[PDB]
Amino acid sequence: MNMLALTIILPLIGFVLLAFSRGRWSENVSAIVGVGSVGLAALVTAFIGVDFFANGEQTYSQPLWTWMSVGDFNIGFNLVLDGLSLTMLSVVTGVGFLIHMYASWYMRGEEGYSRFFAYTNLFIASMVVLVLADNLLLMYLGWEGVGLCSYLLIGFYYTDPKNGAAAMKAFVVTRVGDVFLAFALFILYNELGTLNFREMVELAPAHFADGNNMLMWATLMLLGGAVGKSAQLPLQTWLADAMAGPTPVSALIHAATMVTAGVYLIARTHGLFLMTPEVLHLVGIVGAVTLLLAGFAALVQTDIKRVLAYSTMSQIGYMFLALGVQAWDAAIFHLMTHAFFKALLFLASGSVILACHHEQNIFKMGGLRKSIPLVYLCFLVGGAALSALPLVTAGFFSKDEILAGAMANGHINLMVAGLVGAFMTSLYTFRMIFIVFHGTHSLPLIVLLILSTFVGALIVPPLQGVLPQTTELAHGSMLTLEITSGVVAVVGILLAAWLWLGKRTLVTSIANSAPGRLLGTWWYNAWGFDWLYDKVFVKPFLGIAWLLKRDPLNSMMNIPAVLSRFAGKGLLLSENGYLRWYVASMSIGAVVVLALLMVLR
Amino acid sequence: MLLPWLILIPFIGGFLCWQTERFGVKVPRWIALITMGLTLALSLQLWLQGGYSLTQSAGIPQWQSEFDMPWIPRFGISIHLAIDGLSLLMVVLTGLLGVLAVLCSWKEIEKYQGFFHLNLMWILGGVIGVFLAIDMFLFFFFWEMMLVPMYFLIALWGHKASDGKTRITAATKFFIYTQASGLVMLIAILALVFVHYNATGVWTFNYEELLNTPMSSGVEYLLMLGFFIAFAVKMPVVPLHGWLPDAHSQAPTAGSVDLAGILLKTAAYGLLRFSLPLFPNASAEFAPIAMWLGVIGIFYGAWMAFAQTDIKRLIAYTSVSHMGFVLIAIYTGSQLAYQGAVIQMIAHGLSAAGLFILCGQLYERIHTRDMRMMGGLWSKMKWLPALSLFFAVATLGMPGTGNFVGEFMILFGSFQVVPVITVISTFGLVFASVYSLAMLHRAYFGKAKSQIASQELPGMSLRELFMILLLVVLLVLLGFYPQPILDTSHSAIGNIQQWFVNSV
Ligand SMILES: CCCCCCCCCCCCCCCCCC(=O)OC[C@H](COP(=O)(O)OCCN)OC(=O)CCCCCCCCCCCCCCCCC
Ligand SMILES: CCCCCCCCCCCCCCCCCC(=O)OC[C@H](COP(=O)(O)OCCN)OC(=O)CCCCCCCCCCCCCCCCC
Ligand SMILES: CCCCCCCCCCCCCCCCCC(=O)OC[C@H](COP(=O)(O)OCCN)OC(=O)CCCCCCCCCCCCCCCCC
Ligand SMILES: CCCCCCCCCCCCCCCCCC(=O)OC[C@H](COP(=O)(O)OCCN)OC(=O)CCCCCCCCCCCCCCCCC
Ligand SMILES: CCCCCCCCCCCCCCCCCC(=O)OC[C@H](COP(=O)(O)OCCN)OC(=O)CCCCCCCCCCCCCCCCC
Ligand SMILES: CCCCCCCCCCCCCCCCCC(=O)OC[C@H](COP(=O)(O)OCCN)OC(=O)CCCCCCCCCCCCCCCCC
Ligand SMILES: CCCCCCCCCCCCCCCCCCCC
């Protein structure tokens, strides 16, 4: 082991070298520096996993130095490594290396090649800090780092102001989530005196024996930070608009790094959530409603980017549902498989965008199965994995585990929400596939093609010892669960084929109807949450900024100067220059002084 | 014994900057560079020989170094200097910022450049004197000492594109604000000294003897209010902030003037050293009002900074919001919040210095300060928009920079003391991110909104790039390894906090 700091340092070295190159190097040298830093991080991750499995899967700790030390406030700069950290680290490093190789092919001829690779290297380093941190404050360092790198990468084409506006929107919503996370940190340190995860879960049951309200508040604010970073309710409005960036950025954000951070937040702090069952049930409910709304919204999108964005939203909702039903292993397994096939889908859509031009509507393109066969195959495999086609794809086994965990813990409503979501996931995914594709063997594409099949389901995360085991379902009940999930996905595929592959008469009749038009407009704008958040937060912020743009406090502190000038001009009227008035003023003052002396005595 | 030289080396250096202008017009910048280099080196030697990491808290008074010499023996007034960890950190900070101010005023050579350098050195020596003086009359004397070279810098050497009357107006507003507040502080100092004389019978302006002066609650509240008004003008604290954006906008366009006089925080140190120990009960009862004033300062400064079409006014209002954070931190009873306030003062000094220097370079390149007259300057300038991106990230509150360490230790301690105000201040961090991204979008990203923005602009030279990169390195090192600073300020902060919480 003892090379986790290298997995952080190598992307940092790449970011520093590529930033200070500032475009002077050639594209080949900048490409090999960036992808070599990420690939060396992946290779060191492979060696770390080999050494971790060579031992008895024991948790390793590498304390680099001490960050802050003020009395009892002792925040350490320590890295930790267990099965969950190794799983997320391997996912981040490997999928980031594949996306980096794809971008090395993809970004040729673009301005800011080295700037792009510097920002993605800083993204990788920030996420490795996030997953390896042993305390909540270093995890906050990684959290803010991935937020900053996402802002830098979404608005990569800075010349278009829409990309900058989308990047600022993503940064502001994630910073609201990060403020909720900060509240969680403040409550946890005030109650327990530490921010180390193991120390927190050791000390919390003793401290909260009398009152539990502060632990409930801390876990609720942890959930708020998680849904801020994972684009869930009610902080999900940034994900759809974050499509202004390039497709390697979208693949990285939606598969490797950003949306997966909330799941790691809930899973790493699972010990605190188990002592607040209502907050964990809220996590499950938030995931269920988020996946349902994302499935509704993905059905009516006219762009491949937006369909994939709301698909990512619904899959993160599936992970949150798995966490809320105490199926942690299912959540991390679905995390790894979704990272695989969602990276595959986004890189294939990037190839679609490159092969076509101008980012056309999905209805403008049609019958693309013959011009590009391999891209169509990648879209087919990614869609089949996303739709959970049985026994062929890893996403089937991931959703199987999630729904079985929801079954075994007596969560019927979240189970049926997941089944409805799987039906609609197949529906919208193959709606997009059959609209776009009906009517040169690059290595990362092939690797993610292999990993989107059952070969990805052959990889099992080593979570035995970190996360508690989910309660096992009965064999007959879990068999009917497999059968029900399979036929739900199958009739979703068949309905998507009957509905959009052909003359498309019935969908046109449904969409042109007045309730159909109303529901399509409602679901196209992500259920009106962007409109509500605009009208509730952005409009009064701009209104107060315009109302205060000429400093009112400065004016009400400058009015003594106005009174001074006015009183001085009024007093200067007595200096009229007339001697008779001067004598009169002396006699008036004499009268006043004498009367004052007689009155006061 | 070196503290008199810590104040006198800037003054003798400024005199030499004036006097050696006759041998050459490129000479006074050099003499300023050596005298601020020796001041910085003397402060660093005081850091190295002090052993501030090993010293423990023993209560006020506890000075690592001291100096006394009688000045006005009729009133019991002496030149009485003393240094501890907090004063040492402020002195090292103002020495470093003085060196950066000399470097920023380089390549600006004209007649009476030596007078500019003399005014600069007298400002810096007055700042060092405020940080070192531990008797009240000398503290007040140094407090009003900086404002006359500051006034003449703003009014005579200020923003050359102004009308000439607006510079005088901003300088007069700044001088009147600061000197009226200082006079109210002098009334409080005089009444405290007279209360002590009526208690004992001896004249003393020494802060050590004025501690534990028996007085009633109303008198102590009034004295604390006079001190607080003086410290509230210069912090700034709303609504006494109005001098700051006008003084920044009309300051000399290099920005070295901002670093030397306007950007250092003698007011927060003044609150910590002379408000909490001298009037602990009155500060305890004034803490809700001051904390709510800090909250209003955070949000008012953020909303003002978002509404500016001017870069310099934007950065001034960023200073207003961050000092709202520090003002919340000071009136807690937490050692952690005070250490965060110290880190926040140092980090805000570094970050605002970088922001102001970069704005000066940008104005030199494009000859305008309107954010609506530029856009997409990332594609036109080699080094500046990336470093400005870093400093906007630093003032945003990003981890890895010392601003985050300061703000978050402040908020941890404040939440231990007052949770609601902490919650509202963290939403202030959200507002800070909003204005930082707004500035970045309006200036360096997008399309060119004018003809000057659509032109290739010359790159930064080695000197200005090196001072910006030094600021970057110091901010990153403060963010990742803030422990030497905490170890330096630990004993002083512990003395102040243990005095404040044990007398209430
Ligand atoms: C730490 C692990 C992760 C944990 C989370 C951390 C989060 C916080 C990290 C903050 C780091 C800074 C991020 C914001 C600034 C990014 C600057 C940037 O965009 O640099 C790219 C730019 C090259 O862009 P390009 O367009 O090619 O060229 C300019 C015009 N031709 O580059 C340039 O023009 C030149 C370089 C400009 C400044 C680069 C960044 C400076 C700060 C980092 C390095 C500091 C120095 C190293 C030593 C530190 C102390 C020992
Ligand atoms: C967040 C990312 C992960 C962290 C690495 C990168 C962080 C940012 C790098 C620049 C700033 C570094 C500041 C800190 C330097 C090391 C601090 C130090 O000397 O700590 C003392 C410690 C001595 O050991 P100990 O007795 O345990 O002391 C505990 C401390 N109270 O010393 C030690 O034990 C030393 C341990 C090894 C440290 C190696 C650091 C290498 C950093 C290379 C970075 C390259 C890129 C720089 C720019 C990054 C982006 C800003
Ligand atoms: C209601 C219940 C659920 C609440 C969930 C939590 C809150 C979620 C908030 C999400 C919405 C945030 C939207 C941010 C958009 C930012 C991007 C944008 O629209 O930028 C436009 C504008 C750009 O600025 P400018 O440079 O002037 O423009 C140049 C050209 N237009 O820039 C702007 O206009 C800046 C806009 C600033 C907005 C500030 C938002 C503050 C949020 C505070 C959250 C408080 C939450 C708790 C509330 C109490 C609960 C009991
Ligand atoms: C559904 C998915 C997840 C969504 C996100 C999660 C849900 C968020 C819902 C709320 C919105 C965010 C606000 C979070 C507030 C957290 C309050 C908190 O932590 O309070 C702790 C504090 C403990 O005090 P305690 O120790 O009990 O003192 C009595 C002595 N025993 O308790 C108290 O002192 C009690 C009162 C605390 C203060 C409450 C109000 C604070 C102000 C909020 C303002 C928000 C808007 C700011 C706007 C700024 C201007 C635009
Ligand atoms: C135990 C439960 C078992 C399962 C029960 C059912 C669960 C929900 C299933 C929903 C999906 C059913 C499949 C058929 C309809 C959807 C597919 C379809 O036909 O879509 C057409 C159209 C969008 O297609 P588009 O691409 O825009 O058109 C092509 C261009 N010519 O579509 C539209 O424009 C809108 C179509 C709306 C279809 C009906 C939706 C019903 C649900 C409405 C929920 C409203 C919100 C919640 C309630 C609020 C209070 C009333
Ligand atoms: C050209 C026109 C424009 C220029 C000129 C404008 C006007 C200038 C003058 C403004 C100030 C007016 C006088 C303020 C001080 C009043 C003092 C007073 O009333 O004292 C009474 C009492 C004395 O205390 P005593 O009772 O003797 O104590 C022993 C037992 N308790 O006191 C007490 O018991 C304590 C009373 C404390 C509160 C009184 C002071 C209020 C100050 C308000 C302003 C400051 C507000 C806070 C800070 C804001 C931000 C900086
Ligand atoms: C330049 C050196 C490149 C070395 C690359 C090493 C990695 C192979 C290519 C990426 C494969 C990614 C596979 C991810 C699997 C994640 C498994 C997690 C198990 C817990």
Side-chain angles (χ1 to χ4, degrees), chain A residues 143-144 146-151 153-155 161-181 221 223-245 249-250 253-254 257-263 265 282-283 285-303 305-320 342 421 428 519-542, chain B residues 427 430-431 433-434 437-438 441:
Chain A
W143 213 256
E144 291 286 346
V146 306
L148 171 65
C149 295
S150 310
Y151 159 73
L153 278 167
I154 285 157
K162 315 290 303 263
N163 315 344
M168 298 165 58
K169 184 174 158 82
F171 198 80
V172 165
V173 193
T174 50
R175 277 282 269 200
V176 175
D178 279 39
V179 148
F180 296 152
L181 188 55
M221 302 324 299
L223 163 60
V227 303
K229 199 60 71 177
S230 269
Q232 303 287 284
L233 270 170
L235 292 158
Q236 81 293 331
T237 56
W238 65 274
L239 197 58
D241 292 83
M243 296 305 344
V249 170
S250 305
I253 285 180
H254 293 239
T257 60
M258 263 265 273
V259 296
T260 37
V263 188
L265 199 276
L282 181 56
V283 175
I285 287 164
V286 157
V289 182
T290 314
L291 83 89
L292 276 178
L293 302 188
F296 275 160
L299 199 60
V300 299
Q301 301 297 317
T302 86
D303 211 338
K305 303 286 217 33
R306 310 268 307 216
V307 177
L308 291 186
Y310 291 113
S311 86
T312 307
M313 236 186 81
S314 36
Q315 299 289 79
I316 298 290
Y318 267 129
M319 312 209 207
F320 271 57
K342 193 44 70 56
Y428 65 66
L519 288 181
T521 279
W522 196 14
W523 299 343
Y524 186 80
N525 306 128
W527 280 71
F529 275 100
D530 229 312
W531 173 90
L532 177 70
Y533 283 168
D534 192 72
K535 265 46 172 207
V536 159
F537 299 108
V538 186
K539 291 295 148 244
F541 183 87
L542 297 172
Chain B
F427 288 112
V430 171
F431 276 52
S433 77
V434 165
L437 309 169
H441 201 183

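When reading the values below, keep in mind they use all heavy atoms of this one structure, side chains included, and skip hydrogens, waters and symmetry mates. Below, chains carry the letters A, B, ... as their sequence lines are ordered, and counting in each starts from 1.
Residues A:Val227 and A:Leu233 are not in side-chain contact: their nearest non-hydrogen atoms beyond the backbone lie 4.5 Å or more apart. Within the 4.5 Å cutoff, no side-chain heavy atoms of A:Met221 are placed close to those of A:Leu181. With a 4.5 Å cut-off on side-chain heavy atoms, A:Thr290 and A:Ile316 do not count as touching. The shortest side-chain heavy-atom distance between A:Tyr310 and A:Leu293 does not fall under the 4.5 Å cut-off. Residues A:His254 and A:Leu308 have side chains not in contact (no heavy-atom distance under 4.5 Å, counting atoms from C-beta outward).
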Could you go through A:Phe171 and A:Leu148, starting from their C-alpha distance and side-chain angles, then the distance that decides it, and tell me whether this counts as side-chain contact (heavy atoms from CB on, under 4.5 Å)? CA-CA 7 Å; A:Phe171 198 80; A:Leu148 171 65; 4.3 Å; yes
Inset, instruction - Give the C-alpha distance, both sets of side-chain angles, the deciding distance and a yes or no for side-chain hydrogen bond (donor to acceptor under 3.5 Å, both in side chains) between A:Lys342 and A:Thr312. - result: CA-CA 8 Å; A:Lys342 193 44 70 56; A:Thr312 307; 3.0 Å; yes
field: Test side-chain hydrogen bond (donor to acceptor under 3.5 Å, both in side chains) applied to A:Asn525 and A:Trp531, step by step
entry: CA-CA 8 Å; A:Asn525 306 128; A:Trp531 173 90; over 6 Å; no
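Ring pair A:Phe541/B:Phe431 is perpendicular by interplanar angle, where above 60° counts as perpendicular and below 30° as parallel.
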Using a 3.5 Å cut-off and no angle test, enumerate the donor-acceptor pairs between side-chain atoms of residues 235-242 of chain A and protein atoms at least two apart in sequence or in another chain.
{"from": "A:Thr237", "atom 1": "OG1", "to": "A:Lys169", "atom 2": "NZ", "distance (Å)": "3.4"}
{"from": "A:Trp238", "atom 1": "NE1", "to": "A:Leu235", "atom 2": "O", "distance (Å)": "3.3"}

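A:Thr260 places a side-chain N or O within 3.5 Å of a backbone atom of A:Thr257 that can act as its donor or acceptor partner. Between the side chain of A:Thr174 and the main chain of A:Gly228, no donor-acceptor pair closer than 3.5 Å is present. Side-chain N or O atoms of A:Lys229 include none that pairs as donor or acceptor with a backbone N or O of A:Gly262 at under 3.5 Å.
Annotation for A:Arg175 and B:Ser433: closest pair NE-CB, 3.6 Å, computed over non-hydrogen atoms.
Enclosure of atom NZ in A:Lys535 by more than 12 non-hydrogen atoms of other residues, nucleotides or ligands within 6.0 angstrom is indicated.
Residues satisfying the ring pair (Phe, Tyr, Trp, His ring centres under 6.0 Å) criterion with A:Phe180, sequence neighbours excluded, are absent altogether.
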